[PDB]
Structure formats: structure tokens, C-alpha cells
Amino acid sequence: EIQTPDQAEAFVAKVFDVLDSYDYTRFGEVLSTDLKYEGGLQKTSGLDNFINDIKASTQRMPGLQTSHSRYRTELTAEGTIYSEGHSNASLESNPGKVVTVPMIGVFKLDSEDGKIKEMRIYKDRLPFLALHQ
């Protein structure tokens, strides 16, 4: 399935395309039922727990929009995907105010179906405070 860095990067792109849509009914297309997720101090086990965690943060930030880009992905001999890129966010209240930070995603895939079973996203959230005027 995923054999090259380019295919890994395209998969990560597809994953964030789903995630940034906030269409939770599709998250299971790409995330395993027992997903282990860490995002700084946010940590969840299982797909429903992942979805509930995002929903909570999203109610906290109404009007939130996010997007992601990638520029450097490796696919290692252990099967790990390391993907460096950037994370963008804006608030619908002032959508022209965009905050962008570097990010890296660490992914391990399910050997059976190729879904993400471990996802650890690293980025500095402090700059997103600038979304509040």
C-alpha cells in the first residue's frame, strides 16, 4: 500500500483533509478503532475518545477553521511516517487573521488495513493565542 515517502506524504495529506473537514463520521476511514493519539498534553485512546476530545475543543472555539501542508516526509524501515509541515488556523469571526506554525506528525499504521493506529502531532500552540484580538 504505502511503499514510498511520496505515498506516505499523500496519505498524510488525505488524513488531514478528513480531519480538517471536522466531519467526524468519516474519521474512521483513516484512524484505527484503538487509535493512540497525543497532541501535546492532549492524549486519547480509541477513536470515539479522539472524536469527543476534538468536539470539546471545537465547541470551545466556535468558528474555528484549520488546514495543513507538508514539505518533508520520511518513511522508515520500521514503518514509521515522520511528516514535517505547517498547521494553519483562523476564527470565522475574523477569517482574515491566519496563524501558521511548523508541525510534525508521527504516524504508525495498522498492518492489516493501513489505518493510523498511533498519531502524535507536535507543534507550538502558543502563537494561536494571537487569534484573540
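The term rigid core refers to the most C-alpha atoms you can superpose between the two forms while keeping them within 1.5 Å. Residue indices: 1-based, along the sequence shown.
- Averaged as a root mean square over residues and superposed structures in 5 other deposited structures of this protein, CA distances to the shown form are larger in 53-61; the pair compared was 53-61 and 75-83 with a core fit.
- Higher mean CA B-factor, judged across 107-115 and 18-26 from the recorded values: 107-115.
- Just going by the entry, 94-102 versus 48-56 on mean CA temperature factor gives the higher value to 48-56.
- Among all modelled residues in its chain, residue 38 ranks in the lowest third by Cα B-factor.
- When the modelled residues of the chain are ordered by C-alpha B-factor, residue 31 sits in the middle third.
- In the deposited entry, the Cα temperature factor of residue 78 sits in the top third of values across the chain's modelled residues.
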